[PDB]
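**Student:** Protein chains in written order, with the deposited numbering: chain A, 1 to 200; chain B, 1 to 200; chain A', 1 to 200; chain B', 1 to 200. A prime marks a further copy of an entry chain.
Positions of the beta carbon are idealized from the N, C-alpha and C atoms, including for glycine.
Number of protein chains: 4
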Amino acid sequence: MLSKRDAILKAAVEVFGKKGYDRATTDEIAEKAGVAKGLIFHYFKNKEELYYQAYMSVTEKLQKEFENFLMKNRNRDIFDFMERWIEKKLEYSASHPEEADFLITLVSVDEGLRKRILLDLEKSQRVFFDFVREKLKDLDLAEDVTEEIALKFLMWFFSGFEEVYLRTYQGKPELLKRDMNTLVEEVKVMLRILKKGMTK
Amino acid sequence: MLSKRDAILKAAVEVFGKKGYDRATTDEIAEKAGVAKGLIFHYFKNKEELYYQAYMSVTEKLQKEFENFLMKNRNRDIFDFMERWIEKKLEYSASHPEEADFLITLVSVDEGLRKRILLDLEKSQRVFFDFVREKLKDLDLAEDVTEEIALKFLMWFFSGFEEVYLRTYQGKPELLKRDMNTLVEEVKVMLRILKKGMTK
Amino acid sequence: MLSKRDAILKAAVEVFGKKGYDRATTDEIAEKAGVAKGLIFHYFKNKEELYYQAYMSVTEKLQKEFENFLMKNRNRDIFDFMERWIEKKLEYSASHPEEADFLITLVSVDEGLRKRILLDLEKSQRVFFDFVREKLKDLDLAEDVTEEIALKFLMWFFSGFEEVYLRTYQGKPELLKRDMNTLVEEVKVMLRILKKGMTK
Amino acid sequence: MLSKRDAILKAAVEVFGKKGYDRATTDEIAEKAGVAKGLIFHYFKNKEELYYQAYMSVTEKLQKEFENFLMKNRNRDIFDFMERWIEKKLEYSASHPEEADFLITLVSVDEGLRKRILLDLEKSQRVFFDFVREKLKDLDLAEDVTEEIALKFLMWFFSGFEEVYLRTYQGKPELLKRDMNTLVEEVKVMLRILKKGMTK
DNA sequence: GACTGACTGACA
DNA sequence: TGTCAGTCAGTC
DNA sequence: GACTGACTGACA
DNA sequence: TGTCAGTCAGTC
């Protein structure tokens with residue numbers, strides 16, 4: 001059994017997941033969590049904060065998972081790295097599709113809340129972000145390919161693929177599990193393509 | 001002067017642009033178009049249809065512009081093509097930022113309307129989409145790089161760059177016009193990178 | 001029959017009158033005015049504005065009445081003036097006890113709204129206010145009695161008596177009508193007392 | 001250190017002081033007193049009783065202070081008396097502005113509680129009240145100035161000045177301390193004015 | 001037709 | 001205490 | 001007793 | 001989508 005608070009957060013994820021911020025009611029969350037609607041504003045003051053706390057909760061978890069990954073893989077080659085990492089992200093998207101579907105909702109929410117969160121992210125991001133800067137020094141670039149330019153490309157790809165598939169396979173984890181294996185290939189090739197394009 | 005109907009559509013774009021579907025009221029559109037709120041449901045029956053009509057209007061325009069581009073360039077090499085196209089798209093995004101900002105709202109709207117529109121798109125898309133399929137037969141691929149795989153990559157890139165910058169430079173057209181010229185280079189490199197990666 | 005809008009304002013006066021700002025519900029106003037609750041926020045955006053509009057409405061009226069009084073009495077001696085004016089104010093308080101009871105509510109409402117209104121008043125007040133400054137030049141003061149000092153005294157008395165009685169005889173117009181006559185005397189004496197105290 | 005109970009009462013004063021009855025939450029009082037919200041209804045059963053207990057506490061204090069003043073001054077002439085008293089009251093209002101600001105909230109509260117308290121007051125008041133009745137037999141009145149009439153005037157003035165300034169210099173103790181000395185003169189004049197007006 | 005905007009009801 | 005898409009009665 | 005604070009329900 | 005006075009189960 002989860003503490004009422006924890007069960008709110010969780011229902012909030014399911015609910016925001018299925019409808020996104022605006023379309024999602026607080027009372028559905030209260031029904032789904034089996035709690036008094038008021039309790040929600042006990043813990044979270046208002047809906048905006050609630051979404052926020054929910055999103056932090058979830059990212060807390062991934063960050064944890066990522067940080068552990070990184071250690072166990074600091075040593076890998078960069079692409080080899082991304083290759084493997086992307087794998088795990090899909091494995092998560094399939095083992096926790098509600099969380100996945102919920103993180104995607106971030107764009108639906110007002111300038112204010114959104115920018116707030118994004119900033120809280122750049123912090124967490126800067127780790128991985130900076131690590132990549134280093135593992136590129138390790139590569140023999142073409143004489144027209146900035147490390148700056150390279151980073152943008154990879155960081156776009158990396159997180160862009162995330163949103164690219166993730167809306168396409170939204171509410172269809174079944175269909176993802178099916179297709180996972182191909183995707184992983186397509187990726188491996190895509191990265192392989194970039195490596196060949198950036199190196200001498 | 002625009003017909004009252006045409007001025008609704010237009011205000012609807014500005015409005016949906018700045019708030020996205022749900023947060024955007026019909027009565028703001030009626031204030032901003034200077035019309036009776038009832039008029040809106042004269043012309044468009046309901047808000048969903050309204051967003052829809054607005055989105056079609058706008059895409060009618062781009063498709064027209066694109067189709068003309070394609071003729072004047074059907075002959076070019078594929079990357080050379082995208083290179084130059086991306087250029088025009090930014091030029092438009094800067095000359096018509098409201099339209100830009102509105103097209104991006106598509107993700108905020110319910111399964112129903114969204115899917116509808118996306119389908120109406122694949123239609124429009126299929127032209128360019130299919131043209132690319134052809135200009136790739138013209139290329140000497142690596143022995144592990146399906147035409148299928150290639151197309152995904154490019155089509156992702158192509159429209160993914162759109163969303164990548166467009167949120168980053170949202171409400172900052174000044175800052176875009178400044179940076180436009182770099183971007184175009186960054187792109188040319190990126191495409192160059194891909195060409196080198198896919199070919200023998 | 002009153003326009004729905006006008007009937008809201010009116011019920012709002014009754015209601016605020018009986019409970020004051022905070023304790024008073026909007027839906028009671030809607031019941032009492034026989035209207036959709038939403039219509040209220042059609043016309044007045046929110047409750048604060050509503051109270052405000054109600055208070056302006058009412059003061060509009062008194063100001064009108066006062067301005068007419070003043071003309072018909074510019075010529076009187078100052079006390080003779082206040083004497084008579086006070087009479088009329090009670091005559092109003094008795095002929096329109098709801099309005100009376102409502103104006104008193106002003107103190108119950110948050111710093112914001114309150115200060116706003118009070119300022120809108122000093123404007124209207126400054127007329128009477130300034131007129132009094134003049135009708136004192138007409139008086140032979142004691143050699144220790146500033147016109148400044150005198151004004152404060154009278155302006156305090158004048159409006160202070162208002163609140164002094166008005167809360168005491170709140171919701172008791174019956175009891176006021178009874179007592180009106182004495183009060184008018186007590187006043188006449190009180191003013192008479194001040195005149196004797198300020199003059200040589 | 002104050003007993004948790006005593007610290008509730010005190011925070012209740014600050015809180016009711018700044019927002020008045022209805023706008024003031026019990027949980028703010030609990031935050032500001034650093035206590036469990038339930039504790040409040042341990043000690044005071046409900047919010048109405050709480051305000052009440054708070055108000056009595058405070059008036060216990062003033063009455064005590066006043067009763068001591070009266071002894072040390074029972075002998076003085078009546079105006080001389082009020083003159084000097086008013087002085088002390090300001091001194092208190094400046095040394096304890098929260099208490100001041102809280103006593104003024106009395107009008108914001110429902111018929112019931114209010115009337116209750118007011119009655120408990122007439123009791124406390126009757127002392128000073130009755131003393132004044134006596135010190136007026138000592139005065140040679142005008143042949144149209146009832147002792148009754150006189151008392152009203154003075155009792156109004158006396159406590160009316162309190163409310164007159166106190167709202168004007170609300171949340172501005174700095175500005176009061178500045179002006180204190182003038183006020184005291186303005187008063188002395190005012191009283192002087194009344195003495196001259198009531199006597200032969 | 002186009003056009004209005006006061007008005008509602010069910011919902012946060 | 002707000003919030004909004006949609007309707008409705010009716011003018012032009 | 002004192003003390004807590006998560007929790008509710010009816011209400012804006 | 002908030003708002004709040006009051007309760008309730010239970011520790012110390």
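#1: Skipping 5 residues on each side, what residues in its chain have a beta carbon closer than 7 Å to that of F44/B?
#2: Excluding sequence positions up to five away, which residues of its chain have a Cβ less than 6 Å from the Cβ of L9/B'?
#3: With a threshold of 7 Å on Cβ separation, who are the neighbours of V132/A' within its own chain once the five nearest residues in sequence on each side are excluded?
#4: Please report the straight-line C-alpha distance between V187/B' and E31/B', rounded to a whole angstrom.
#5: Using beta carbons (cut-off 8 Å, strictly below), is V189/B' in contact with chain A'?
#6: Would you please state the rounded distance, in angstroms, between the beta carbons of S108/B and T59/B? I believe it to be under 8 Å.
#7: When DSSP builds the beta bridges, which residues end up paired with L141/B?
#8: Should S3/B go down as buried or exposed, given a rule of 16 or more other Cβ atoms within 10 Å for buried?
#9: Does the stretch 168-181 of chain A touch the stretch 178-186 of chain B, meaning 3 or more C-beta pairs lie closer than 8 Å?
#10: Can you say whether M190/B' is buried or exposed, counting buried as having 16 or more other CB atoms within 10 angstroms of its CB?
#11: Short of 7 Å Cβ to Cβ, which residues in the stretch 138-151 of chain B face chain A?
#12: Which value, in whole angstroms, describes the spacing of the CA atoms of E87/B and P97/B?
#13: Return the CA-CA distance between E83/A' and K172/A', expressed in angstroms with no decimal places.
#14: Determine the burial state of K200/B': buried for a count of at least 16 other Cβ atoms within 10 Å of its Cβ, exposed for fewer.
#15: For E185/A' and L194/B', I'd like the C-alpha separation in whole angstroms.
#16: Hey, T25/B and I40/B are a contact pair by Cβ (cut 8 Å); roughly how many whole angstroms apart?
#17: Let me know if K47/B comes out buried or exposed under the rule of 16 or more other beta-carbons within 10 Å of its beta-carbon.
#18: With 8 Å as the threshold, decide whether the Cβ of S93/B' is near any Cβ in chain A'.
#19: Report the residue ranges of all alpha helix (DSSP H) runs contained in full by the stretch 21-81 of chain B; include only those spanning at least 4 residues, in chain order.
#20: Are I104/A' and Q63/A' close, meaning C-beta to C-beta below 8 Å?
#21: How would you write the range of the alpha helix (DSSP H) that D110/A' sits in, first residue to last?
#22: Just the Cα atoms here: how many angstroms apart are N73/B and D130/B?
#23: Would you give the residue range spanned by the alpha helix (DSSP H) that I8/B belongs to?
#24: Put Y169/B into one of helix, strand or coil per three-state DSSP.
#25: Between which residues of its own chain and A11/A is the CB-CB distance below 7 Å, once the five residues before and five after are set aside?
#26: Name, going along the chain, the residues of the stretch 92-118 of chain B' whose beta-carbon falls closer than 8 Å to a beta-carbon of chain A'.
#27: Here's the rule: buried if 16 or more other CB atoms are within 10 angstroms of the residue's CB, otherwise exposed. What is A36/A'?
#28: Quick one: which chain B' residues come within Cβ less than 9 Å of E83/A'?
#29: Would you mind sorting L90/B' into buried or exposed? The rule is 16 or more other CB atoms within 10 Å of its CB.
#30: Does the CB of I86/A' have a neighbour CB from chain B' at under 8 Å?
#31: Work out the CA separation of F16/A' and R114/A' for me, nearest whole Å.
#32: Below 6 Å CB to CB, which residues in the same chain sit around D101/A once its five sequence neighbours on both sides are set aside?
#33: Any C-beta of chain A within less than 7 Å: which residues of the stretch 151-167 of chain B qualify?
#34: Would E122/B' be called buried (16 or more neighbouring beta carbons within 10 Å of its own) or exposed?
**Tutor:** Concretely, from the data shown:
#1: Numbered from 1 along the second sequence, position 44 holds the residue referred to as residue 44/B. Taken in chain order, the residues that qualify are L50, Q53.
#2: Locating residue 9/B' in the fourth sequence gives position 9, where the first residue counts as 1. These residues qualify, in order along the chain: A54, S57.
#3: Walking along the third sequence from the start, residue 132/A' turns up at place 132. The beta carbon of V132/A' sits closer than 7 Å to those of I78, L151, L154, all from its chain and outside the five residues before and after it, given in chain order.
#4: Along the fourth sequence, one-based indexing puts residue 187/B' at 187. Along the fourth sequence, one-based indexing puts residue 31/B' at 31. The straight-line gap from Cα to Cα measures roughly 41 Å.
#5: Position 189 of the fourth sequence, counting from 1, holds the residue named residue 189/B'. Closer than 8 Å to some Cβ of chain A', the Cβ of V189/B' qualifies, so yes.
#6: Here residue 108/B refers to the residue found at position 108 of the second sequence. Here residue 59/B refers to the residue found at position 59 of the second sequence. About 17 Å separates the two Cβ atoms, so there is no contact after all.
#7: For this step, residue 141/B is matched to residue 141 along the second sequence. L141/B pairs with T199/B.
#8: One-based indexing of the second sequence puts residue 3/B at position 3. Exposed.
#9: Three or more Cβ pairs closer than 8 Å define a contact, and the stretch 178-186 of chain B falls short of that threshold against the stretch 168-181 of chain A.
#10: Numbered from its first residue, the fourth sequence carries residue 190/B' at position 190. It counts as buried.
#11: Only those residues of the stretch 138-151 of chain B whose C-beta falls short of 7 Å from the nearest C-beta of chain A are listed: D144, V145, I149.
#12: Your numbering for residue 87/B matches position 87 in the second sequence. Your numbering for residue 97/B matches position 97 in the second sequence. Using only the alpha carbons, I get a separation of about 15 Å.
#13: Here residue 83/A' refers to the residue found at position 83 when the third sequence is read from its first residue. Here residue 172/A' refers to the residue found at position 172 when the third sequence is read from its first residue. Straight-line Cα distance between these residues: approximately 23 Å.
#14: If you number the fourth sequence from 1, residue 200/B' lands on position 200. Label assigned to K200/B': exposed.
#15: Indexing the third sequence from 1 puts residue 185/A' at position 185. Indexing the fourth sequence from 1 puts residue 194/B' at position 194. Each residue's alpha carbon lies about 18 Å from the other.
#16: Taking the second sequence and counting its residues from 1, the one referred to as residue 25/B is at position 25. Taking the second sequence and counting its residues from 1, the one referred to as residue 40/B is at position 40. Between the beta-carbon of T25/B and that of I40/B there is about 11 Å, and that puts the pair past the 8 Å contact cut.
#17: Position 47 of the second sequence, counting from 1, holds the residue named residue 47/B. So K47/B counts as buried.
#18: Start at 1 with the first residue of the fourth sequence, and residue 93/B' comes out as number 93. It does not: the Cβ of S93/B' has no partner Cβ on chain A' nearer than 8 Å.
#19: 26-33, 37-44, 47-73, all fully within the stretch 21-81 of chain B.
#20: Along the third sequence, one-based indexing puts residue 104/A' at 104. Along the third sequence, one-based indexing puts residue 63/A' at 63. For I104/A' and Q63/A', no; Cβs fall outside 8 Å.
#21: Here residue 110/A' refers to the residue found at position 110 of the third sequence. That residue, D110/A', is in no alpha helix (DSSP H); it is neither H nor E in DSSP.
#22: Here residue 73/B is taken as the residue at index 73 of the second sequence, counted from 1. Here residue 130/B is taken as the residue at index 130 of the second sequence, counted from 1. Here the alpha carbons of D130/B and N73/B stand approximately 15 Å from one another.
#23: In the second sequence, residue 8/B corresponds to position 8, counting from 1. Counting along the chain, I8/B sits inside the alpha helix (DSSP H) bounded by residues 4-19.
#24: What you label residue 169/B is simply residue 169 of the second sequence in a count that begins at 1. Shown here, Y169/B sits in coil according to DSSP, grouped into three states, outside any helix or strand.
#25: As a working note, residue 11/A is residue 11 in the first sequence. Closer than 7 Å at Cβ, skipping near neighbours: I29, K32, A33.
#26: So the list reads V107, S108, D110, given in the order they occur along the chain.
#27: Counting from one through the third sequence, the residue named residue 36/A' turns up at place 36. Residue burial annotation: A36/A' is exposed, with fewer than 16 other C-beta atoms found within 10 angstroms of its C-beta.
#28: Taking the first residue of the third sequence as 1, we reach residue 83/A' at position 83. Within chain B', no residue comes near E83/A'; the closest Cβ sits about 15 Å away, beyond 9 Å.
#29: To locate residue 90/B', count along the fourth sequence from 1; it is residue 90. Buried, because 16 or more other Cβ atoms sit within 10 Å of the Cβ of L90/B'.
#30: For the purposes of this step, residue 86/A' is taken as the residue at position 86 of the third sequence. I86/A' does not count as touching chain B'.
#31: In the third sequence, the residue the question calls residue 114/A' occupies position 114. In the third sequence, the residue the question calls residue 16/A' occupies position 16. Near 14 Å, if we compare the C-alpha coordinates of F16/A' and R114/A'.
#32: Mapped onto the first sequence, residue 101/A falls at position 101. Answer for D101/A: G17, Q170, listed in chain order.
#33: Residues passing the 7 Å Cβ filter: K152, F153, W156, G160, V164.
#34: Translated into positions along the fourth sequence, residue 122/B' becomes position 122. The residue is exposed, with fewer than 16 neighbouring Cβ atoms inside 10 Å.
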